[PDB]
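Heads up, the chain shows up twice below as structure tokens, two forms, tagged structure 1 and structure 2.
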Structure 1
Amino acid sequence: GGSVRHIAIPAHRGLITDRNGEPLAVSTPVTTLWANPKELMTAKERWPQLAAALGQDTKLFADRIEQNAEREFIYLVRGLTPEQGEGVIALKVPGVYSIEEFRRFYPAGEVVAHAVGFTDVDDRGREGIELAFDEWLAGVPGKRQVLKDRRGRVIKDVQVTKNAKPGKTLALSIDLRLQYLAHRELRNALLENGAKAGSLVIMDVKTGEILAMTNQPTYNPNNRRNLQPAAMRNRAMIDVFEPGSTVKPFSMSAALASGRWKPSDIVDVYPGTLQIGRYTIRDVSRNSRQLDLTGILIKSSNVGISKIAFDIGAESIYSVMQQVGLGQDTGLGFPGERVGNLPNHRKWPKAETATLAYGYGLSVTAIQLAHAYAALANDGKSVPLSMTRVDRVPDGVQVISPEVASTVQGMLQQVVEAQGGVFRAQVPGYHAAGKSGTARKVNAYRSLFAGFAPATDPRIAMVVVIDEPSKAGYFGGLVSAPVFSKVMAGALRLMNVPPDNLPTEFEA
């Protein structure tokens, strides 16, 4: 007797590695016990011992089987060892079956959870890379012919009609060594500042590769028990924030490209405030009069950058920030990734011109901010972003001219190295460049640092975001700059970049 039926052959999900082959998401065998209730209903005498072997109350187990008496498949328990599955099979209960199924394990756990994401119990990607590249990773299930008796029990395997096709291996752009370093130091910074959250992005300025992307809080994707959704946010891609002063190098790029400004030109910022009708632009350091363009960045003078913006026009500044990608679609396609907002106007009055120029009222992601600094470091050329390992580098787009980019690079090196600069961002053994930011949330603060290294031949761009530090310190040059120093120092050494901060003949 029996009936001819076709059943599926699950496909083996593809391995996800870092850029060097280190396993990040692996489908490994676990032993699973399942049951056909229609068969179980013929051997009720065996139920209590089966319940006991499954750690179930006898009556709760007997109730569950009765409530599913019309189904032909229920799970008993998933994730045993082969030895554990055999002990239950040794009861020889009709309708109880053991199978080996491949389920996801994440060997680096919380360290790359936001980037990698996870699959559901149907093993379909639902977060992070697992979702974004689900088609690549999933493969194609097969089909095989069976004969089933009246209860649904397979009584003969007839033939395979189509073989399963396994999913494909995927190598991410992430370097797990940099990821671990970034993860540990971001975690340390949250403790030292009693901060609520944070992000750290590392990018290869020559290839567009996202070398590291970590956030706090994070979660263990191997133990998703009562996960708070806040811990699951890949903030670097799905949270927007005001970049504030960290956009001032792009305002400065527009200034230098206009033909009306050189680094040694001077701006009077006395007395540290600038009234624009009912609005008042304010500096924190208000013991300045004449500042040159590098000093405007070193002191992070909102007044100074605003006066420059009045001279060159907001349109030139908006265009640079648009070109380097701030508030613009990255095109990556990460689930929930935000585009943000670069505010636009028909005509730009002084107030809107000033706030644009020092990053007030803008919305960007940490990925966008890092990509913009990568283009600046790469002599003004923006290489497309990638979450996967890049073997053939695609052509970039020139978004800032090489001469202007090179001059702004040198100014940003001075921001880190010059007297009164952001000395905590200095990278031991290397010349580094960057810009701090401190944004008041609308007192709560967000502490920023963005930069790149080595200055002589940039390789890595990095953004550090510390959300709501609660200690006495909250300025970006105190809170986020030291994280940049430690992570950049380690990342450059892990990538075997030759140190470039060597004495001249006279300094030796």
Structure 2
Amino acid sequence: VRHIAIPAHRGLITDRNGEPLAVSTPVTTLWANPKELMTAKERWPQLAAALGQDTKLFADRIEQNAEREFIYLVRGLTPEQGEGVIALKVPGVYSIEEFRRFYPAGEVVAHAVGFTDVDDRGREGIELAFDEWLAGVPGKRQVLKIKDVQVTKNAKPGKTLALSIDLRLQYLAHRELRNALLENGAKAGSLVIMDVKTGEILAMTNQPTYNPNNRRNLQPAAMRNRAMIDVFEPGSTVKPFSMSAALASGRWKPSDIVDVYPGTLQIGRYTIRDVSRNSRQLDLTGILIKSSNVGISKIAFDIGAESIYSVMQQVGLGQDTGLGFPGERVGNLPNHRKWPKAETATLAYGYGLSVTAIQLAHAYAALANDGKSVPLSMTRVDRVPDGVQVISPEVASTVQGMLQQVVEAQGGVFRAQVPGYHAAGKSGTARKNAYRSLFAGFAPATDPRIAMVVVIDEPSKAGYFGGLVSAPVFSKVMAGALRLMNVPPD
């Protein structure tokens, strides 16, 4: 009496609208009892020829395993192809019906969904993260070795999982990122779209991508879930959080002026140096438009690093996302007892830390959601968790308006402008002369619905900054995402 396990049917993964993303598909695994096979050797060359194997290599396998009362031959043939072999009627050739995953959207949502191993266990993406929920519990039955004595346990199927992903926005993001990588001859890239109200990840695409239905020649670079794994210094894209701290201090208002002449600031031995050095007096919006490191450094010395560090920590920078995905990196938000001037300045202009595109999107979602953080979700949210109010609604509103001016004002990031709508955001450049071009923003600016981060890894064409490399991708994908979600033009 042997106990043999009945595989459970793995749960269906859908997008937020019920579009199938991962489906357990019937296949046939052909095993054999060598000791039986050993009695039908004249059938072997026909079995071999069928099974794709070579006659002598196949004969060699069976002969040495002449002791074992079981071994596999082939796993997950089609039901009717593996029947053309059950049609040879070779003694000792029995078969199991099994499930394999199919991924209808393939490379478009590869990293987010991931894939299963040969045992049908989650190995990447959601397949891994919700392996328990999807796998179910296999059943078993007592068998003589002849006859199935009884089902001693019932194989219960895995449960259905609806992702936060909108496959329509995922196709738009995948296509627009792919096109931007080839126009800038870039190595790699990420694009994350979030619902600012619900914490839902509506799209997560990485380039390069792969077909999880065919992982034969799978390069590790194609497999890398960059949005959740790649850490970088977010540079000018975290200046809105430095500004949030400045406006919450009671010492700063948007019409306040900082003298950034002559584009440099000596702090003892170290000199802070602006990317553009053609300014004296700038208002707070101007400090953002110019991305003046001098401007944000003087504000940071006035308010203290502690206030900036606290805002950055509260919007989740350098913190666990709680998404429980395989590779994900948390990055680093460094803390100090005593913040010297250098570390105060570098934190303020975004080199004092490292973040992922997902953390950066999540921080932008909090700012867009009038200062209320909502936990990240890769699964459809029906009941929205209570937020944490991490930035006062009034500060969040003021910083939103500044970021709208960053995109729309004269001297601003005009390429980020969204045809149809008011958008808000900040470009950045994170040096690895290899660098990442960043853009982080949300729309509509006056009533935000969507936050988005674009990362372009080593753009290898003339165009340098976030403000012309990443910003146009944000424009096209945001215009598309807002209309697919029937968000009314403002």
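Residue positions are counted from 1 along structure 1's sequence. By rigid core we mean the largest C-alpha set that fits within 1.5 Å across both forms.
Enquirer: Superposing the core, which one of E135, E86, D391, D120 shows a C-alpha shift reaching 2 Å or more between the two structures?
Expert: If I go through the list carefully, the shifting residue is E86.
Enquirer: Once the larger parts are superposed on C-alpha atoms, what angle in degrees does the smaller rigid part turn through between the two structures?
Expert: Angle of the smaller part against the larger: 9 degrees.
Enquirer: Can you give me the Cα shift for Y474 between the two structures? Core-superposed, in angstrom, one decimal please.
Expert: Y474 C-alpha displacement between the two structures, core-aligned: 1.7 Å.
Enquirer: What is the magnitude, in angstrom, of the C-alpha shift at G55 between the two structures when the rigid core serves as the superposition reference?
Expert: Its C-alpha position differs by 3.1 Å.
Enquirer: Can you read me the CA shift for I99 between the two structures, rigid core superposed, in Å?
Expert: Its C-alpha moves by 4.2 Å once the cores are overlaid.
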